[PDB]
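Protein sequences appear in the order of chains A and A'. A prime marks a further copy of an entry chain. Heads up, the first sequence is in the deposited numbering, so the first residue is -2 and it goes up one at a time. Heads up, the second sequence is in the deposited numbering, so the first residue is -2 and it goes up one at a time. Presented below is the structure to which this report refers.
There are 2 protein chains.
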Amino acid sequence: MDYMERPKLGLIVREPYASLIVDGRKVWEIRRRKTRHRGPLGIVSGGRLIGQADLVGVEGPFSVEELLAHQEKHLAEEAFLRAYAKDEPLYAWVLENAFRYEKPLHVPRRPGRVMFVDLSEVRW
Amino acid sequence: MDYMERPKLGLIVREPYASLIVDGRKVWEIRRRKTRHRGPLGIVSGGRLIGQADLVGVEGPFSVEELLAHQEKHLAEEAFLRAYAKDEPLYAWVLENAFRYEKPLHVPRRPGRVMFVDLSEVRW
């Protein structure tokens, strides 16, 4: 929404989920773990930075059954959820203010691409 | 050095380089690309967070020849440097205030492990 600042960190998201997020249709991003990161987060899909969203909270842990009660929030197929979770807990990263950039930006390809480990959940 | 705050991001570094860094012997970390990240950075080796260092600057680009003039800063073997760089430019991430934690901390294993893409060099 016409911002001057850009996110410092990005998250790799596969289609169609990446698009659903930046197009503002998906406010819950499903992951196997929590994160304490808060604020803007770039959405990287197919090696291109297509947009961003603000990560404002994390809900969970959820069982697949509990997530199906929020189908409109994640738009994830039950078949894929179960095959993904593997009978284990899932979390939902809450997003808002998501938008798609006018032009997708290029992200450094592997292996030069710098990746950082999220240490926000480390037991200090 | 008795800090209360901990780094939010970590970098995966292979031994013996990881140890050389946290033990304060290696102030230059060699990488294929630059980064604008500044401040504390956890050093992750073998799936364990062993310590941290402050990333305070980035030098480069360097040719292998130019780096050999700073052997004491990176402690990297010429043979490995050339085999790594592959006839391409390299950069040196400048580190300081590095120390090894009293006890190495566990980092979430794959594939649950959350990794973020460094977008600091993206051409906006």
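Quick reminder that beta carbons are idealized off the backbone N, C-alpha and C, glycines included.
CB contact check: residue i to chain A, cutoff 9 Å
i              : result
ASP115/A'      : yes
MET(-2)/A'     : no
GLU69/A'       : no
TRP121/A'      : yes
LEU46/A'       : yes
residue 205/A' : Because chain A' here runs from -2 to 121, residue 205/A' falls outside it and cannot be looked at.
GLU26/A'       : no
Length of the line joining the Cα atoms of residue i and residue j
i         : j         : result
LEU78/A'  : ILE9/A    : 30 Å
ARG11/A   : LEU64/A'  : 39 Å
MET1/A'   : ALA76/A   : 44 Å
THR32/A'  : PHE96/A'  : 21 Å
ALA89/A'  : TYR81/A   : 39 Å
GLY43/A   : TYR14/A   : 12 Å
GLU85/A   : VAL61/A   : 9 Å
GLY54/A'  : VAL19/A'  : 17 Å
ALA73/A'  : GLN49/A   : 38 Å
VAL119/A  : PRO105/A' : 8 Å
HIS34/A   : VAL24/A   : 16 Å
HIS71/A'  : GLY36/A'  : 19 Å
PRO101/A' : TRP121/A  : 10 Å
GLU56/A   : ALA66/A'  : 52 Å
8 Å contact criterion, which residue i and residue j should meet: CB distance rounded
i              : j        : result
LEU92/A        : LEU52/A  : 6 Å
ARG29/A        : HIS103/A : About 28 Å separates the two Cβ atoms, so there is no contact after all.
residue 183/A' : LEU6/A   : The structure shown has nothing for residue 183/A', since chain A' only spans -2 to 121.
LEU87/A        : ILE27/A  : 6 Å
Closer than 7 Å at the beta carbon, the chain A residues around residue i
i         : result
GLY109/A' : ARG29 and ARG30
CB contact below 9 Å: residue i versus chain A'
i        : result
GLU63/A  : no
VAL104/A : yes
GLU93/A  : no
Cross-chain neighbours of residue i in chain A', by beta carbon under 9 Å
i       : result
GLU56/A : By Cβ distance, chain A' contributes nothing, its closest Cβ being about 16 Å from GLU56/A, past 9 Å.
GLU99/A : Per Cβ cutoff of 9 Å: no residues; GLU99/A is ~11 Å from chain A' at best.
Contact set between the segment 30 to 41 of chain A and chain A', restricted to residues whose Cβ is under 9 Å from the partner: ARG30, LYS31, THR32, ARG33, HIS34, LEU38, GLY39 and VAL41
Contact set between the segment -2 to 13 of chain A and chain A', restricted to residues whose Cβ is under 8 Å from the partner: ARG3, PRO4, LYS5, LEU6, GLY7, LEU8 and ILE9
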